[PDB]
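Trainee: return atomic coordinates for the entry below.
(chains A and B, ligands or ions: 1)
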Amino acid sequence: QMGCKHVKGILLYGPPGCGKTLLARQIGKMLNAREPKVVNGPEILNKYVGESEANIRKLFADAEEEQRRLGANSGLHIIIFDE
Amino acid sequence: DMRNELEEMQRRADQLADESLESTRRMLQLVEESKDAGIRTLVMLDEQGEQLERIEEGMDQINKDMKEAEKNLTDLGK
Ligand SMILES: Nc1ncnc2c1ncn2[C@@H]1O[C@H](COP(=O)(O)OP(=O)(O)OP(=O)(O)O)[C@@H](O)[C@H]1O
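Mentor: Numbering: from 1, shown residues only, chains lettered A, B, ... in the order given. Here you go:
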């Protein structure tokens, strides 16, 4: 009825050793959904032309497929970018 | 301090094909046709061999009959 759309972004910053990765891990553990996908820093770079971008795009495949199939009766997908 | 350094990117040359899909299909079709022709030749050759084997017995029988008849006629004649 309100016609609102959900939020799809969180950023955490601060000095070292203050509880950021802990928050992300516990948030991932809290939600009843699929296992989160975690990226360990610059894991996406490749020596070939185009492969880095294919790697970034292969993260958003399950979400797109489920959105197309199940529409609004779909689960939640979590992606964590470290560093 | 105008000392620059670089990094490299790579590209893959197209694999060996894009000429293996026009002559290839024709080659396969011709191979299939040759296989069918060979099967037909097999069948015909087996039939011909059977017919030759059949002919042999009649040949031998006629030879024996003629020889025996000639010997009998000669024996009675003298
Ligand atoms: N608020 C907190 N409560 C309890 N333990 C904490 C807290 N903050 C940090 N810790 C402890 O410190 C450890 C390291 O903290 P954490 O992994 O969150 O560091 P960080 O903020 O990611 O730092 P960095 O910038 O180096 O990545 C945690 O595993 C936990 O044991």
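Trainee: chain neighbours aside, what residue packs nearest to the residue in chain A positioned nearest to chain B?
Mentor: The nearest approach of chain A to chain B comes at residue A:47, 5.0 Å away (C-beta to the nearest C-beta). Where C-beta positions appear, they are placed from N, C-alpha and C, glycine not excepted. The spatial neighbour of residue A:47 that comes closest, neighbours along the chain excluded (C-beta to C-beta, 6 or more residues apart in numbering or on different chains), is residue B:10 at 5.0 Å.
Trainee: what about the one you found, neighbour count?
Mentor: Residues contacting residue B:10 under the criterion other C-beta atoms under 10 Å in any protein chain shown number 9.
Trainee: tell me what it is bridged to.
Mentor: The residues listed as beta-bridge partners of residue B:10 by DSSP bridges are residue A:48.
Trainee: can you pull out the residues in contact with the helix or strand hosting residue A:27?
Mentor: Residue A:27 belongs to helix A:21-30 when elements are defined using DSSP states H and E. Judged by C-beta atoms under 8 Å, 6 or more residues apart in numbering or on different chains, the contacts made with helix A:21-30 from elsewhere in the structure are A:12, A:36, A:78, A:80, A:82.
Trainee: hmm, the helix or strand following it in reach of the ligand?
Mentor: Past helix A:21-30, further along toward the C-terminus, the next helix or strand under DSSP H and E is strand A:37-40. No. Contact of strand A:37-40 with the ligand is not found when judged by C-beta under 6 Å from any ligand atom; the minimum separation is 12.0 Å.
Trainee: strand A:37-40 - contacts with which helices or strands?
Mentor: Strand A:37-40 makes packing contacts with strand A:79-82 when contacts are defined by 3 or more C-beta pairs under 8 Å, 6 or more residues apart in numbering or on different chains; DSSP states H and E.
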